[PDB]
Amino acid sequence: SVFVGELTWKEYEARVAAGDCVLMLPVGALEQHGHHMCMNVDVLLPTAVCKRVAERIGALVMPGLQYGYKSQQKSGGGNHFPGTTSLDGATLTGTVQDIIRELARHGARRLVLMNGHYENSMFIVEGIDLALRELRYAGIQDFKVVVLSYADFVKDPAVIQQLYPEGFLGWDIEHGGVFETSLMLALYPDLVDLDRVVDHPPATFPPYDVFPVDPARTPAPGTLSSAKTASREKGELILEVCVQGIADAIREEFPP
């Protein structure tokens, strides 16, 4: 298995002892994803991508973080929806920091954090900085971290053309839209109910944000764009592009 959790401590110790061990940490969230998809999408997707990449490059995958930072209206619909269960920033920051401290204790020095929930980004960044700060105080400066959001590897114009034959309207409205729904149809079809999709026009917002979050400014379903045209085939394409691109990036930063 490539999952650290499924290994004995002796097996893990041996992999790290090899001195070239790469660890991967999926960071997700329990967040509403429309009327047509389950709420653990942000955990399922980065974990599935990590699994495949780890199998290609000989890396291991740590248990993913099940809860992420508060959903923001313009990216995830807003933290007023039921189901969505969010952590405070200090909590998420602290979790990332603690794990890095422990991995360094094990002797590990290479970590890939794969985020699947946009709002997690900066707290993940602070967790890394605080951890690296401590490691320096402890005389350690060779711990390297690569942070990435799997979707960012889908930029090829040709690929976008395939995924959005009618035209691409941007990633800003991709919450429970074509992209994630397609990936889910290719990985966890049983967790998708495409007939429940509400085909509303893409969400549009003014150049600012309002707090407390106003429910009226988010499409009723919770989605920011329609997944009506999502499909397994699209998911297949996305998965291949992401897996191959990420595998290459990791080989580049953590050369064998």
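Numbers follow the displayed sequence, beginning with 1.
The deposited model assigns a higher average Cα B-factor to 191 to 199 than to the other stretch when 39 to 47 and 191 to 199 are compared. Taking the PDB entry as given, 206 to 214 carries the higher mean Cα B factor of the two stretches 206 to 214 and 65 to 73. In the deposited coordinates, the residue among 162, 181, 79, 95 with the greatest CA B-factor is 162. Per the PDB record, 139 has a higher Cα B-factor than any other of 89, 177, 127, 139. Among all modelled residues in this chain, the alpha-carbon of residue 32 has a temperature factor (C-alpha) in the lowest third.
In this PDB entry, the Cα temperature factor of residue 246 sits in the middle third of its chain's modelled residues. The entry lists a Cα temperature factor for residue 25 that places it in the lowest third of the chain's modelled residues. In the PDB entry, residue 185 places in the middle third of its chain by CA B-factor.
Per-chain ranking of the deposited C-alpha B factor places residue 134 in the middle third.
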